[PDB]
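What follows is a single chain, given as structure tokens, in the form deposited in one PDB entry.
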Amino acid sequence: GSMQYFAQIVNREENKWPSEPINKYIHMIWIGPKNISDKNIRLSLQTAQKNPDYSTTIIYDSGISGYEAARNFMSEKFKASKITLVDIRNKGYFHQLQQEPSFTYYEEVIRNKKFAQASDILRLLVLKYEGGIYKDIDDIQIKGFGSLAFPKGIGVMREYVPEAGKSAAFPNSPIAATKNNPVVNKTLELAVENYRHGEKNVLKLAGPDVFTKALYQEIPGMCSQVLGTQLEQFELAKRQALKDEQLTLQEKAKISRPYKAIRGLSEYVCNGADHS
């Protein structure tokens, strides 16, 4: 055994996944016939104003009854801002997006006027085809994102146990992603299965619990328990090197680095889940 070798494989682990740059697009969704709220207009203007280096868009859908009046209302409220409104059906890639099995279910869900539920599918499809940052219309921009880059090209906020929930879930807003990101693709694959199975449980469709399952499948160490087992494997390697044998704070920080970095949207957006 060699402590020189050990220090080197700890250094290697820290740097295993180079940070991948995120496209400077902020995607938000306001689909359906309802007038966007005064609060969500203010939060949207604030999102765009804090991010002058980003193109901020609100996506609507001309395939939904009553879309025109809702689109017109938004056009008037955002006329002074750099926010642009875009029809999902106008996207250059819509011909391919329309053929996605998940888009079949998006169409079924918007027909039943479940727009929040439909947004869980649509946010993933937009990230798949464009990359950038998806944010809920009702999420608070704390400060500008600036130039972001994430290990495995995926950025999320910290997990927590949601209201009346059992297990910790990563929120599915905001999400930063490289185009065609494996985590986004896995979430869509799990969602298509849940919908094909005729799932009625709203926690088992395309929401935070499904996003969390996708993140754990693609990046196992995102689970605090699995990272624990990885740290224990390095502790064993340190014992082998020295055969004082416990991992230092610095060693644990190095081994955990990319998993902490993936939670890097935590400081930029507040979803109000932590409000009194």
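A residue's number is simply how far along the shown sequence it sits, counting from 1. Take the two forms, find the largest set of C-alpha atoms that superpose within 1.5 Å, and that set is the rigid core.
Although it is not shown, the form deposited in another entry is what the next lines describe.
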Position with Cα shift of 2 Å or more, rigid core superposed between the shown form and the other one, options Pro101, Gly92, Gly165, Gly146: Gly165
Relative to the superposed rigid core, does the CA atom of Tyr216 travel 2 Å or more between the shown form and the other one? no
Once you line up the core, how about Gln46: does its CA shift reach 2 Å between the shown form and the other one? no
Core-aligned, is the CA shift for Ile64 between the shown form and the other one 2 angstroms or more? no
